[PDB]
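The data below hold one chain only, encoded as structure tokens and taken in the form deposited in one PDB entry.
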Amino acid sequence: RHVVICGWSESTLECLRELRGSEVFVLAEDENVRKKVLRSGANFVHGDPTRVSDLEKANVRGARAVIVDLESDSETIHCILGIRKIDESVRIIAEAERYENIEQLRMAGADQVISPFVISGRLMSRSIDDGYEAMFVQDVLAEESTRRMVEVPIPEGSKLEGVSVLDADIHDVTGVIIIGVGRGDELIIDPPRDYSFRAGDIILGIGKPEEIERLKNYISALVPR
């Protein structure tokens, strides 16, 4: 199991740091970065992320995911198109440089498009009086963070299958704040009364590590007599 990164930028550098301990391959046109990629804990492949043969050389086929961030959005689109020819099942995550290009990255094949500047502009507008929201968005997104945002799936046979958020009382049992539930293509915030947890749901929660393990055990199957 392994991850592929197309393009080397400050974003994919940050990405790789977060992937410490996992197998990762980086594909870029600049040979000069090999040493830093290596010390950053990835395997480096010198080549062109828009050319199929090179994406293939970088183990895109059967990758757990491919992360793409080339210098322009048109290069990123071409890489996306090349990846899809190789493997139609592989998850593709793409950074967009300019807002007007977001849908074209999706149309090309990205399962998800991240727009650093859109996120930045939004935080900027929220940071006029203080920095607490940016404090928050940084306090949670980092793996190294103490109290972090985590995803925990509702397993098959869960205690909570068919049970609503109110009956669940997760925050009392576990200490975890439920900030969302990921189901199918949608993320639901503050689920209403008529929401029941279904196996396969992804709980987006915030909590210290021991509160997280508490949640995981809590949502398990009823142990019969």
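Residues carry their position along the shown sequence, with the first being 1. Here the rigid core means the biggest group of C-alpha atoms that line up within 1.5 Å when the two forms are laid on top of each other.
The form deposited in another entry exists for this protein as well; it is not shown, and the discussion that follows is about that form.
Participant: On a rigid core superposition, would residue 146 pass a 2 Å threshold for CA movement between this form and the one not shown?
Facilitator: Residue 146 C-alpha, core-superposed: shift of 2 Å or more.
Participant: Over in the other structure, so in that other deposited form, do residue 67 and residue 143 pull closer or drift farther apart at the C-alpha level? The difference is 3 angstroms or more.
Facilitator: Relative to the shown form, the pair is farther apart.
Participant: Work out whether the Cα atoms of residue 111 and residue 143 come closer together or move farther apart in that other deposited form than they are in this form, the change being 3 angstroms or more.
Facilitator: Farther apart, by at least 3 Å.
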